Amino acid sequence: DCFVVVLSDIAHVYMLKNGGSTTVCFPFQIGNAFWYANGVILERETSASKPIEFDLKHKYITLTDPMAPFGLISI
Amino acid sequence: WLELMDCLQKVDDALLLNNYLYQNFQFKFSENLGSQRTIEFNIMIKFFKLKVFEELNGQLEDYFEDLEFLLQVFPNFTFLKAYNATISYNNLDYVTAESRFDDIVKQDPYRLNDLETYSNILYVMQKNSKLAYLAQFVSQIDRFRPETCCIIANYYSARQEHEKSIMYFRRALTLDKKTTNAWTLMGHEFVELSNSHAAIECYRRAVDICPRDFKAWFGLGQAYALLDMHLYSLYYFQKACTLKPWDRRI
Amino acid sequence: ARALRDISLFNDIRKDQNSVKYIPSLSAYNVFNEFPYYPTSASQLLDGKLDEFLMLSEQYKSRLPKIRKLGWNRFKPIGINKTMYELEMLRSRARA
Amino acid sequence: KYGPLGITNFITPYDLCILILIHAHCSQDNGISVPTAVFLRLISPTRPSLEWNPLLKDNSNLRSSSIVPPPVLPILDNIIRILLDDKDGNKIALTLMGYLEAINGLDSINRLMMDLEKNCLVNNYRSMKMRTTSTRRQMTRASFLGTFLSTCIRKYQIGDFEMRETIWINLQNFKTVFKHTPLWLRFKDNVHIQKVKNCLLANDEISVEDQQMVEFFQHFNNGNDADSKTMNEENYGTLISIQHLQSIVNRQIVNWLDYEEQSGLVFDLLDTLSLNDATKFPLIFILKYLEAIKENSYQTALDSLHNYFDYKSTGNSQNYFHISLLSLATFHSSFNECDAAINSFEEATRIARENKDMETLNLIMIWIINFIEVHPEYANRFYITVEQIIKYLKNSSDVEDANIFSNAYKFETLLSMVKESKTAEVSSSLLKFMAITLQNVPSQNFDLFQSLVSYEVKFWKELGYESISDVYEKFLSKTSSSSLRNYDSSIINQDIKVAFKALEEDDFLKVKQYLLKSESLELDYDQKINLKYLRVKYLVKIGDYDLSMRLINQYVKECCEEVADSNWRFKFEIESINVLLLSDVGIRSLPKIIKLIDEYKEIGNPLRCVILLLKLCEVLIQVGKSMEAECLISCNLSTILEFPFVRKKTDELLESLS
């Protein structure tokens, strides 16, 4: 039972029911983050500056628990 | 340019300025000579690319084709080679960087600007006779540069003379307070003295200068880990995790 | 901190029933000489914390006579083969 | 009055203000004697050292028996407002005003230093009586002002000319700040300033030639703004010594924990430190730590807490690592983490053994049961049972304990009360704790004195005598709470009592909304049971009993296994009795009530026997045998009116029998 806050590229996972706090990094910048059952879906930052360029091959990251490595979506 | 590079804080800021330099930026063609006001054939923009992109260790773009272009125009420029050697240093490629640095000393024997990494390479490389040679030679030029007071301390640290080596690190920082890398080394030099109390402050100042120091967090975490306070050091190790997650050692 | 004896009651009953190593701090290390400062007495150690004013006061007291004490010992003028340290030594013996 | 703040080991502009006053008092030429209250407010904060541990000790000695005025900030505006209050204080305030106008240069500053040391200060009283030819009062070194002035003189001969230049630049900066104030305008002209100023400016030795260019050196240095000012390094607006800063913050945190102070001024100056004073003055970090707890910030508090323990440990040559972990454990217990604190505390015991010092273990052992007292459900997790500690502390020593035994006996009283021991032993044990606490000073040990009142009110309330409980209740402090138990616990506790009043006043809407807050708040165990008990009583009022009956017994079942709390086992038991008999079926409770009757007859608690008596009479009147209940209530009617809160149930039964 943990409350998670996601920054631009860093996530803080504070245990509320029991335990301390944890923190995880990410391969790149994150646009947004959406919760799903047992994990979070992370969307890459698309464009910033005013040139508008973006990536499309893979921009979504699935993680179950903070310590385990990330996973890739399938479409 | 240096004052402009200093105000940058994060890599995303560099991309914002780099775009601004490309679309809506142009020089006064009247003042500058012809065939130079073009952004693609400029030189400072190139030197800006090599500078900001790597000291902040940001994501590289338009960096390769520029680097070889500057090596062609400037084959004997001392600053580039030391920067080129520093690139080898930043990638944990010590053997090749040593060959790169050896050209600087032979070609330009009096340059107390990037030698701090040279004596930094030699300390990890071991070979005390060579360090004793460098320490005697560098101190002979002048003892007032920030670097000249960090090279000697490294030579004095290898000889297990700690009460003297601890002195030069404080000296090396006083000449130029921007060299925060000497804070972590000064902290380490307390640990070998079996003085954990003094070490804690030396490491702690380093993070207070700039919180994004992986070296300072790691050096402060160990000093508690050497003592029995294992859990009290867990937070410090956790903080260092976020700086360089992609490391087996941490 | 009454120690159970400053209490008059329990002190009265007892009569009837009868029938530190020092380690240097970061500020202690100075710039000029690699030898750290060693406090002379426990009074300068305030609850284990080194008083920066008190220690620097002793430093001024040490350096002050050092200027007057300059000429002693090594210094030798030209034309005189004996230093002034024993000028006052024989002068002391002169009256005594 | 605001400005950049910086620690200075030299003559602060504040220090000369005291030096100005002591010169007027000793000179005795003007016949102006500064009131003793004025000196005690100014010099006393400068006196060295008070010390204050982060936690594990609250106002053990910091509390002053006599209430003291707050320390004074280093602004000329604040100092004058002290002297200005008196009807003749304008004479005293103007004396300081004239002197600060008379001292226009560094040489003049040196004139004051030379005057005091050669004539005013005196080595010892034995030369006092032989100096009867002095026209000025003389001071001994060991006196209150003598020891102060000696440090100030020592602090003047210690620096070079660089030190004195900074002295005069800031004072003019300090002086000109007051010039642009409304108070200065009221004192624009006072004729007495010119009189007192001319008293000391005399014997200037030149008035025709040097003074034209004497003005030039000052004016050119000063910011005339006619041209661009001479460029100089940025200078701090206020200079304070370490000791003076220690007194302001200690007063601020004590005042915040539970003559008007300036919270705004103190906080702004403390935020402009150059990051090196914080290392020399580690207590600035914890001042944020107390503030961080107030808004209930987790990450912010931990960094400040860790920061305070990195700087303090190195300065103190004694090992203080064994104190840092438990305090962090204490911080962990404040946020109801509980389990995380246990692992942190466990490692504190191992480090203490390595130090091989006996005195710290008692501090560790005292912290043990204080944590268990707040959270009794964790008594099994510790490596030492609570009974083991009481046996050790009772025979700990005969000297150098003072407060250990006062602590030791109160923990036995809580266990005896929880263990539902015989009332003879509980009173005797409480007697031991009351006698030892009041023997020494109770004011300084405010924490245990409050805990005495909390136990004694609880002890006597359990006996059923509200008259005794009321007298001690006026002494229990509110909103004070205690350490290592949250910070909003006082607000919640006050809210519980409101809810109980609302149940009696039939404010079902208010309690229903509060019960919604209960399920998602983090509460202390003592707070958990009350709301757990509050929920049972509310459901009885509504009328739905199937859920409450299944709910009440699970509570008591876990009120006998998780925590061996007998008092809460009894209190939970009677609602089930009330639930049964209210549903016209109380015969099922007959086996249960009798097991408690003879059980509590041996114990001898009169409130326990009578409450069971009312339930027994109430059972007998709903069966159709009210005849004998009247006979039984008649013989015991005398001894059941002694308890006030049962009279309402007692009187109500009387009209029913009629």
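Coordinate-derived values only; no laboratory data. For neighbour counting, all protein chains shown are included, and Cβ atoms are generated from backbone atoms with ideal geometry for every residue, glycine included.
Below, the figures for the structure above:
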read-out	value
Filter pass, residue C:49 being surrounded by 13 or more Cβ atoms within 10 Å (Cβ to Cβ), within 10 Å of another protein chain (Cβ to nearest Cβ) and among the charged types (D, E, K, R)	yes
Leading residue by the ranking (nearest to the other protein chains (Cβ to nearest Cβ)) among those in segment B:14-37 that are farther than 17 Å from residue A:53 by Cβ and surrounded by 11 or more Cβ atoms within 10 Å (Cβ to Cβ)	B:25
So residue D:399, is it surrounded by 13 or more Cβ atoms within 10 Å (Cβ to Cβ), under 29 Å from the mean Cα position of the chain (by Cα) and either β-branched (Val, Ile, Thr) or within 12 Å of another protein chain (Cβ to nearest Cβ) (or both)	no
Selection count where residues are out of contact with any helix residue (DSSP H, G or I) (no Cβ under 9 Å at 6 or more places or on another chain), more than 11 Å from residue D:144 (Cβ to Cβ) and among the polar types (S, T, N, Q), scope segment D:21-47	1
Sole residue being over 22 Å from the mean Cα position of the chain (by Cα) and of a type in the set (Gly, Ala, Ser), chosen from B:206, B:223, B:216	B:223
Conditions (1) closer than 18 Å to residue D:175 by Cβ; (2) over 37 Å from the mean Cα position of the chain (by Cα): number failed by residue D:119	(1)
Scan of segment A:41-75 for residues that are among the hydrophobic types (A, V, I, L, M, F, W, C) and surrounded by 13 or more Cβ atoms within 10 Å (Cβ to Cβ), ordered by number	A:41, A:42, A:48, A:61, A:63, A:70
Qualifying residues in segment D:630-651 (those that are under 45 Å from the mean Cα position of the chain (by Cα) and among the hydroxyl-bearing types (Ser, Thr, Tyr)) - the one surrounded by the most Cβ atoms within 10 Å (Cβ to Cβ)	D:650
Test: residue D:490 is polar (S, T, N, Q), buried (at least 17 other Cβ atoms within 10 Å of the Cβ) and assigned to a helix (DSSP H, G or I)	no
Any hit, segment B:163-183, residues being among the aliphatic types (A, V, I, L, M), more than 11 Å from chain D (Cβ to nearest Cβ), surrounded by fewer than 22 Cβ atoms within 10 Å (Cβ to Cβ) and within 23 Å of residue B:240 (Cβ to Cβ)	yes
Condition met for residue D:300 (closer than 17 Å to residue B:208 by Cβ, assigned to a loop (DSSP other than H, G, I, E, B) and away from chain B (no Cβ under 11 Å))	no
Test for residue D:337: is it outside any helix (DSSP H, G or I) and under 29 Å from residue D:525 (Cα atoms)	yes
Qualifying position, being surrounded by 11 or more Cβ atoms within 10 Å (Cβ to Cβ), closer than 18 Å to residue D:242 by Cβ, within 11 Å of another protein chain (Cβ to nearest Cβ) and not basic (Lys, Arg), among C:64, C:56	C:56
Any helices (runs of 4 or more DSSP H) falling wholly within segment B:156-250 and containing at least 1 residues that are in contact with a helix residue (DSSP H, G or I) (Cβ under 8 Å, 6 or more places away or on another chain) and within 18 Å of residue D:275 (Cβ to Cβ)	B:162-175, B:181-191, B:196-209, B:214-226
Residues (of a type in the set (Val, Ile, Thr) and either at the interface with another protein chain (Cβ under 9 Å from one of its Cβ atoms) or buried (at least 19 other Cβ atoms within 10 Å of the Cβ) (or both)) located in segment D:270-292	D:279, D:284, D:286
Candidate set: segment D:172-213, residues that are among the charged types (D, E, K, R) and closer than 14 Å to residue D:99 by Cβ; chosen: the one surrounded by the most Cβ atoms within 10 Å (Cβ to Cβ)	D:197
Residue list for segment D:179-237, filter: under 45 Å from the mean Cα position of the chain (by Cα), of a type in the set (D, E, K, R) and in a loop (DSSP other than H, G, I, E, B)	D:188, D:233, D:234
Segment A:13-28, residues that are part of a loop (DSSP other than H, G, I, E, B), within 24 Å of residue B:247 (Cβ to Cβ) and out of contact with any helix residue (DSSP H, G or I) (no Cβ under 9 Å at 6 or more places or on another chain)	A:26, A:27, A:28
Conditions (1) buried (at least 21 other Cβ atoms within 10 Å of the Cβ); (2) of a type in the set (D, E, K, R); (3) under 23 Å from residue B:131 (Cβ atoms); (4) away from every other protein chain (no Cβ under 14 Å): number failed by residue B:189	(4)
Subset tally (residues that are among the acidic types (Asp, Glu) and within 14 Å of chain C (Cβ to nearest Cβ)) for segment D:353-366	2
Close pairs (9 angstrom Cβ cut-off, 6 or more residues apart or separate chains): closer than 17 Å to residue D:327 by Cβ and more than 8 Å from chain A (Cβ to nearest Cβ) in segment B:229-250, assigned to a loop (DSSP other than H, G, I, E, B) and not polar (S, T, N, Q) anywhere	B:233/B:227; B:234/A:20; B:235/A:20
Complete set of residues in segment D:313-352 that are more than 7 Å from every other protein chain (Cβ to nearest Cβ), charged (D, E, K, R) and more than 24 Å from the chain's Cα centre (by Cα)	D:346
In segment A:38-75, the residues that are part of a strand (DSSP E or B) and of a type in the set (D, E, K, R)	A:43, A:44
Residues located in segment D:402-431, provided they are within 14 Å of chain C (Cβ to nearest Cβ), crowded, with 16+ Cβ neighbours inside 10 Å and out of contact with any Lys or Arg (no Cβ under 9 Å at 6 or more places or on another chain)	D:404, D:406, D:407
Qualifying residue in segment D:17-37 (condition: within 14 Å of chain C (Cβ to nearest Cβ), assigned to a loop (DSSP other than H, G, I, E, B) and on the phi > 0 side of the Ramachandran plot)	no
Residue check, residue D:620 more than 24 Å from residue D:529 (Cα to Cα) and either assigned to a helix (DSSP H, G or I) or of a type outside the set (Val, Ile, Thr) (or both)	yes
Unmet criterion (only one of (1) more than 12 Å from chain D (Cβ to nearest Cβ); (2) of a type outside the set (D, E, K, R); (3) in contact with a helix residue (DSSP H, G or I) (Cβ under 7 Å, 6 or more places away or on another chain)) for residue C:35	(3)
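Every residue, every condition in (1) closer than 18 Å to residue D:309 by Cβ; (2) among the aromatic types (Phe, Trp, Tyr), yes or no:
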position	(1), (2)
B:148	no, no
B:153	no, no
B:183	no, yes
B:186	no, no
B:200	yes, no
B:206	yes, no
B:218	no, yes
B:227	yes, no
